[PDB]
Structure formats: C-alpha cells, structure tokens
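Below is one structure, written out as structure tokens; the observations come after it.
Read the figures in this text as sums done on the coordinates, not as results from a lab. Note: ideal-geometry Cβ built from the backbone for every residue, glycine included; neighbour counts use all protein chains shown.
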Amino acid sequence: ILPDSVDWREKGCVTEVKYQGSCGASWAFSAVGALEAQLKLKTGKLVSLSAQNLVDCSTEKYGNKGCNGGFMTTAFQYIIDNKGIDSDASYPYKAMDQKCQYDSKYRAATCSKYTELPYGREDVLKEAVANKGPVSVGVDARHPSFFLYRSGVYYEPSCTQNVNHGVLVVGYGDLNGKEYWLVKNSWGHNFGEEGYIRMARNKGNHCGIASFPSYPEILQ
Ligand SMILES: CS(=O)(=O)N1CCc2c(c(-c3ccc(Cl)c(C#Cc4ccc(Cl)c(CNCc5ccccc5)c4)c3)nn2CCCN2CCOCC2)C1
C-alpha cells in the first residue's frame, strides 16, 4: 500500500540545508524543517522558518535550553501557544542564545497540532513520512563515524537507541539492497551527501531514528 521510496525534496517541500555551528540547535532545525514542508503543502510557498526564534523563545516553559539542547515536541507547542513563528529571513540564525525577539508582523507560519509516533516503530514512521510529510526525529549521533560520514547507507554497530541530535526524515528508499531513511541534517552542505545522511532502515531502530518521531500540521 505504501511507496517503496519517497523523497520530499522532489516536491519542493524541503528548504536548503542549514549550518548549526557551535550552538546545539539541532532540535530547532528539526522542528522548523518539519513545519516548512507542511507550509509548502498548504500554501504552495517554500520559506525557511526561524530556528533562532525557537532557540530564543521556546525556553524554560518548554523545557528547552536553546544552544544547550531542547525538544521538537515542545517547540511545536511553542509555535502553537505563540500563535505563529517568524521567517528565517526576518529572524536569522545567529548560533547563540539571545533574548526572544519574535515579532508577529513577520510571522511566516502557524501550527495547529503535532503528533508523536510510537517508540521504535519504523513501520509506523515509514507511513507518516509517506502520508504526512517529513518527520522530526532524534538520532544517536555520538560516534566518530557520524561526523566522518561521506556517502552510502550509514550503519554503526555501536549505535544506541538513545537519541541526542535533532534531524529530519525527508524520505526513505533502497540503495542496492540496503534500505535507508533519507535524513536532512543541520551541518551545512559539506556534510555527507550534500548535507544529507542516508541511515539504515528496518535494522532494529538503528541509531534510535524511530525512538522519538513527531510531525506538526497546519490545518485549514
Ligand atoms: C536518553 S533518551 O531516552 O534518548 N531521551 C530521553 C527521553 C527523550 C529524549 C527525547 C529527544 C528526542 C529528540 C531529540 Cl532531537 C532530542 C534531543 C536533543 C539534544 C539536542 C541538542 C543538544 Cl545540545 C542536546 C544535549 N543537551 C541535553 C538537553 C536536551 C533537552 C533539553 C535540555 C538539555 C540534546 C531528545 N525526547 N524524549 C522524550 C521526553 C520529552 N519530555 C516530555 C515533556 O516535555 C519535554 C520532556 C531523549
């Protein structure tokens, strides 16, 4: 019933790859990237949403610590509570913790709700990515092989199911027998495959890719 491959870049639903730098804002980029695609599906415009906005404004009330980490679920909740989020163009990413400078005048997107998927269920994640859009997930990126990844289907034997780095699953496929998830990262274009990492799929929640998935929606 589901397609064998999906790639949301092919439907103009993914913005350019971003660069987080010294700031641990991966959670924030994961969140906006998920919302960006929902905005494209609804409005037909692809605009990069402000990760910085999340870092500066979705703080203690959402259990997040800006550059010292956070959560995509709580970020989606901030966007709901805030009744908006600014464009990246208006609230650019400065890779450090700042005061909250959200202005409703430059609101580029809204958020109605978000869904959390069951832990470790790669079948359920496969469906969400096909039926709903790119899904915010965490991975275990705490290995040298992650940093050193250049291409191919990434597989790390030491990889736990405990997540620590925010990424975005923009599709899935099969590279000569090896099933993978197509993962947008936030380390610039010089990381992996033009900023993307294809990661092992259906290998026992490898690197905890399906440990904490979630995606937002912008309802009519
Ligand atoms: C060790 S574990 O089992 O893998 N784990 C613990 C449980 C967990 C985790 C996550 C989760 C899911 C996706 C991602 Cl991308 C992340 C992450 C991360 C991250 C990103 C950058 C950084 Cl720099 C860090 C490192 N700092 C830790 C930190 C994390 C959050 C707040 C304050 C400090 C971590 C965590 N959600 N959750 C679910 C808990 C969410 N609760 C619900 C109530 O509101 C938020 C807290 C992690």
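With contacts taken as Cα pairs under 8 Å at a separation of at least 6 residues, the chain carries a relative contact order of 26 percent. For the chain, the longest principal axis of the alpha carbon atoms and the long axis of helix 72-82 meet at an angle near 20°.
As a rough guide to protection, the peptides 25-32, 100-107 ranked by mean Cβ packing within 10 Å, highest first, stand as 25-32, 100-107. Taking a label point 7 Å from the Cα of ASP123 along the Cα→Cβ vector, which residues of the stretch 179-210 have an amide N closer than 15 Å to it? Counting only backbone N, you get 202-205. Put one equal scatterer on each alpha carbon of the chain, apply the Debye formula with no solvent term, and list log10 I(q)/I(0) at q = 0.08, 0.16 1/Å to two decimals. For the requested q values the scattering log ratios are -0.24, -1.02. Calculated mean residue ellipticity, 222 nm, the chain: -6500 deg cm²/dmol, from DSSP H runs (n ≥ 4) at -39500 (n - 2.57) each, averaged per residue and rounded to 500. Between the helical axis of 26-43 and the longest alpha-carbon principal axis of the chain there is an angle of about 80 degrees.
The Cα atoms of the stretch 123-220 define a convex hull whose projected area, averaged across directions, is 6.4 nm². Remark: spin-label model distance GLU116-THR43 equals 2.8 nm, labels positioned 7 Å along the Cα→Cβ axis.
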